[PDB]
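Each remark here refers to the structure printed beneath this line.
FYI, it's all coordinate maths here, none of it is from the lab. When we count neighbours, we look across all protein chains shown, and the Cβ atoms used for this are built from the backbone with ideal geometry, even at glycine.
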Amino acid sequence: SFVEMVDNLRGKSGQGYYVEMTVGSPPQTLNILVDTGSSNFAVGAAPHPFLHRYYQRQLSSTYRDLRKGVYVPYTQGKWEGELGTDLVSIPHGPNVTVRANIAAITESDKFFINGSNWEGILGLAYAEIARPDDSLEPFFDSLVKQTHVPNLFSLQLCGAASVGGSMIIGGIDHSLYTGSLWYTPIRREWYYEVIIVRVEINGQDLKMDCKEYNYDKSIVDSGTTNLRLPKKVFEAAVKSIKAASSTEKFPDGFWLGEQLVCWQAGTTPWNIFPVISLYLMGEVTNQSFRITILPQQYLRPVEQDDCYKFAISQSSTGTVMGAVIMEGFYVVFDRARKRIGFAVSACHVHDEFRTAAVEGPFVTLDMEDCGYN
Ligand SMILES: CCC[C@H](O)[C@H](NC[C@@H]1Cc2cccc(c2)CCCCc2cc(cc(N(CCC)S(C)(=O)=O)c2)C(=O)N1)C(=O)NCC(C)C
């Protein structure tokens, strides 16, 4: 039955990954963004020029009004709507139906995207960051509460244009990754918050106080495209990546993610861009592990020539490990055990000389000092 969930995700580059769902009776089909960076389940529920379809509550015999408003602001986009409940299923997910909280979106601002093919969002993080407040049970909490689906899911995001992947609900599909799973503690159940204890670029330690890496917080967010870094860390990383690639020159707007860079088709100089290693807090005392990402992950292809946007960018709200970090890895959100596992994905990037990797164990002293308070 996990084989039924393999490849149940689709998307457009830079516009999220979505899963098919149905809401209401009779079932209404909608494509729903898979977002580990938020905790509300919300769907277009009124006309919008970028929506191909939307939730029609008046047509669902199982719809219930909660008679309460709601709004959710994201780093990109915001919407407001009306809360209610209805029956929900995932056709290429477990064979169950649950009554879930649903925000019916009536107004929105830069949220829906022209031609994205999704019409709602599935916030998979914890109640603590749900709107209007933590009494609004998130979907996955309802799923686990009302069924026997185990309290974990995994995400296999594959890159390139259209992308694809798998959300395995209730377990781990071992045919989707190679080597060992390495786990890092969920520091606190709100976002999927983790602790980064070291950063290396081409094998060179950035040598910053590890608190800077988690300044504010560090989270795993499938709803974000980029690897986002606190200002200070971003500036150090860019300086290092600039130096490694100084054999070529790029407009300063490239490094800000604003303009593309292009090379003759097939001639992209991958070798002059460095690998980045993020070391994560491990499961045992003084132990960490590292995930290594290739330039093929942080140079996102965009439309004769191969063209790319720099997909590492600046944040003032902590580190965000977005889709470019998740792609190529099998990522297990093991809620039952308060940990997130990483392994090399079966849909990994192919460089003839370097490999994306998950490696351990490493010894790292004083890892608790890396958490921001
Ligand atoms: C503390 C951080 C929270 C985290 O941002 C988190 N992000 C999840 C959202 C989900 C989302 C919203 C709208 C559209 C999409 C998906 C599809 C992908 C679009 C590209 C994108 C999205 C986000 C963010 C970006 N980027 C940053 C802003 C432009 S980036 C760096 O270009 O990839 C791009 C982003 O914020 N997605 C969040 O907003 N949570 C809010 C609630 C908890 C209140």
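Some observations on this one:
Yes/no per residue for (1) under 18 Å from the mean Cα position of the chain (by Cα); (2) among the polar types (S, T, N, Q):
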site	(1), (2)
205	no, no
219	yes, no
236	no, no
272	no, no
287	no, yes
302	no, no
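- If the condition is being surrounded by fewer than 21 Cβ atoms within 10 Å (Cβ to Cβ) and not in a loop (DSSP other than H, G, I, E, B), then segment 127-157 contributes 127, 128, 129, 141, 142, 144, 145, 146.
- Search result, residues across segment 159-210 that are aromatic (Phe, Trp, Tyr) and assigned to a strand (DSSP E or B): 177, 182, 183, 192
- Here is the figure for segment 167-217: residues that are hydroxyl-bearing (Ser, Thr, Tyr) and within 16 Å of the ligand (Cβ to nearest atom) total 4.
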